[PDB]
Amino acid sequence: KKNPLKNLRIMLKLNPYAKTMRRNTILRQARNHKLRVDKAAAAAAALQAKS
Amino acid sequence: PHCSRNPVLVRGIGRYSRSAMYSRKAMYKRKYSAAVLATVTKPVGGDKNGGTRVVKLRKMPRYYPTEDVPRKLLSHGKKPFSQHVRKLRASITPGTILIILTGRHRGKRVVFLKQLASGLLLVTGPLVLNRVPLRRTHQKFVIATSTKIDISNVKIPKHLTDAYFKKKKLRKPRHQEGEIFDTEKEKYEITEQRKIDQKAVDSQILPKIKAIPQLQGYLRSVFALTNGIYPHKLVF
RNA sequence: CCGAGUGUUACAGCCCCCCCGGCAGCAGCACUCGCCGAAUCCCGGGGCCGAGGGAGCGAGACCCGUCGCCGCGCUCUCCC
RNA sequence: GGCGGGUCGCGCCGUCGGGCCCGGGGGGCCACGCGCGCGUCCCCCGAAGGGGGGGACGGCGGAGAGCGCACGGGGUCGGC
RNA sequence: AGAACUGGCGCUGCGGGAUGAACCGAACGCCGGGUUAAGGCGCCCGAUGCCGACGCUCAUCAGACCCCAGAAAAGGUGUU
RNA sequence: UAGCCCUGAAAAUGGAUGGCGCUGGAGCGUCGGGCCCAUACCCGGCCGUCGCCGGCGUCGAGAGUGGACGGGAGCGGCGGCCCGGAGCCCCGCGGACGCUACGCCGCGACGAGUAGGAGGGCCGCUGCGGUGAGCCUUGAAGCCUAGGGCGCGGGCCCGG
RNA sequence: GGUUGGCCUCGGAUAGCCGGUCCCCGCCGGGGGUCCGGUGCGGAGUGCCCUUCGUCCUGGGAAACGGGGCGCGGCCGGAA
Ligand SMILES: [Mg+2]
Ligand SMILES: [Mg+2]
């Protein structure tokens, strides 16, 4: 018994939707991260351009 | 032959989906429809004799051993040592001063140069400061010291490789006369080429060494633990 | 004259509390709001211990089952 | 003259629900014979009770060749 | 001494109760890794060698953990 | 009024919060986060038992969860001069193990034990009927053995 | 069996440590004013050796005592 939740491709033998549920939650938490890193820059950028 | 056209973001997950890849490959316009030498005969060579001899080579075995073990049960991907993957610790970048732990050198401080194709990281402290030639060392038997030197454009001989650094033995005598192999007294005098091609890398590691204020005194020294000096209290 | 420590009544001439209207822009956050969490969740790295046990519907197989299931790529079209 | 129960229509809320739909003016989709004809729906041209389109179909008229890889894939080998 | 209900001991090792038939956990083929229960973690004795929190208490007989192995009425301008 | 402490509070061998000791606690109460280890729990190995099976296809020619012939009509596809037709393997004569059926194999769950009851014994002792073209004065039985092993055990084999 | 040694104030803890002009104890010790430091840096969370691979060539800085000794000769301190 190889373990689901621990290796891929055993899940995908039991649940094919597990992969597309998984890159959808990797695509979005990369663009929620690119948004928040840029927004935290975007406050202190013009706050430095002030100074 | 195009490249993979689906960049992996995580290990074994493509960035583009199944129907996203049907269109990146233009699969909508490429669906398709269109639809031994055993042995040449050997000649006769003879009188009262014809029939250039029959198709036979690689014949059935002379002896079957009395018992046999069955065949193995096939497993997935356990590829041999020439094919696994090669890894480094991030603390060992080229130019790092290392600390040998386990050899015959045992605490001599060397300069890391290049990571070979076998995981054995090629290394030398120079032969004029230490007594360390161009030896390989294993990766997890060193300590990466937090000082560096930029040797990014030193030079590298392509001929020094895993096949370059090996050890050799050739068992000729099967008889138990009292020779010790007759040639394992030979501490290696193949150095005549190895003495040439260390000078070709010594000559341009040392100006990198002699530009740092007292880095060359640091490489003659050896490492030790003394009295209240504990690792895990220590920064290497 | 200044500095300091006590005791008194007095509600700004340090401040604090309760209201009556607002902005930056909100982070369970500049380790106290720590809450409760995940179809609202994934990634990566270490340390330990173990590795038990003739799969070929094909070819009439042939030195030698790198095989099934699963998930993928390239070519059998072109261009940049 | 007040209070509850059942019923209707009014505007108002919610990342409501119907994959809804219906027409108009980048991200995702395990969704892919241009020819045209089998049912069904939709938008249309002036008519006025015809045709032309697109859509989807659990039916039929349009409707093979698997090559050589890699692998979190039926319990470790090293061709260290 | 004699009943009721249930569980045990007898027929049963093991971990804890210093010790033990019956208490508390838990029931047992021979081992390796992981985790726990009851119980603990000054030193015998594995584990608090946590910069643990908050108080109460001084005994010229202190106190200290189920069964369980020592005490009552009364009394104290002893401290809280 | 009620918490801790004290008085009430006396027994015969010397003595027991288990001891040593302990008073910014190693005491008491109320809590925390760590941490420790049972034969218990989880994962893995191996042994047995029990339950449900598998394989007589040794079928390298076996192939069959539907099957053939051969005639009435239609194709996609194989070779065109739009008419068209079974090839029995062979350039290799080849292809592991097995299945004491009372045997072999697979999977899953389980394993305390007195009195007691069943099963298995290729455990052992003595004697008989068969049988090993058994063994031996080139050394049997017996006994001894810091010798080598096997079996979970009953025990057994070998060396000296 | 061990992998370098520390060659030493008394002590206080609601307190101690260092340096110090003056007047008293056979050229040393007792006191006070003064200057210091102090979550101890004149800090065993420290200190001196040292992490010393050796040698040769060869210049600077530092150092004019030499450092190991089988030396020889001397003295005098440490009885818990
Ligand atoms: Mg109970
Ligand atoms: Mg019995």
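Use the structure listed above.
Residues numbered from 1 in each chain as written, not as in the entry; some residues may be left out. Chains lettered and ligands numbered in written order. Part of a larger assembly, values for the part shown. Heavy atoms only, no water.

All names here are of chain B. The immediate surroundings of RNA strand G are formed by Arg109, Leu129, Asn130, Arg220, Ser221, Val222, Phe223, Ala224, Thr226, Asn227 and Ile229. Counting only the atoms of RNA strand G within 4 Å of the protein, the fraction contributed by sugar and phosphate is 39%. Looking at the surface near RNA strand G residue by residue, the class counts come to 5 nonpolar, 4 polar and 2 charged. (Near = heavy atom within 4 Å. Nonpolar A, V, L, I, M, F, W, Y, C, P; charged D, E, K, R; others polar.)

Strand pairing within a sheet occurs via backbone hydrogen bonds; the two strands may be parallel or antiparallel. Residues and elements named next belong to chain B. Within the open sheet, the 5 strands sit side by side as β6-β5-β4-β3-β7. Their pairing is antiparallel. Edge positions in the sheet fall to β6 (136-137) and β7 (142-148), since each has one partner strand and no second. Summarising the sheet, strand β3 (residues 96-100) and strand β4 (residues 109-115) pair through 3 bridges and their orientation is antiparallel. If you follow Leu98 over to β4, its bridge partner there is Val110. (Pairing = 2+ DSSP bridges. Helix = DSSP H or I, 4+ residues; strand = E, 2+ residues; numbered from the N terminus.)

Here we take up the interface of chain A and chain B. Taken together, the contact pairs 8 residues of chain A with 10 residues of chain B. Of the roughly 620 Å² buried between chain A and chain B, counting both surfaces, carbon and sulfur atoms make up 66%. Taken as a group, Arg23, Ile26 and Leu27 of chain A account for 64% of the area that chain A buries against chain B, more than any other trio of residues on that side. Inspection of the region where chain A meets chain B yields 0 salt bridges. The interface formed by chain A and chain B includes 1 residue pair in polar contact. Taken together, the residues of the side of chain A that touches chain B break down into 3 nonpolar, no polar and 5 charged. (Contact = heavy atoms within 4.5 Å. Buried area = accessible area lost by both parts, 1.4 Å probe. Salt bridge = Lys/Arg side-chain N within 4 Å of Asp/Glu carboxyl O. Polar contact = N/O pair within 3.5 Å; in protein donor to acceptor, adjacent residues only side chain to side chain.)

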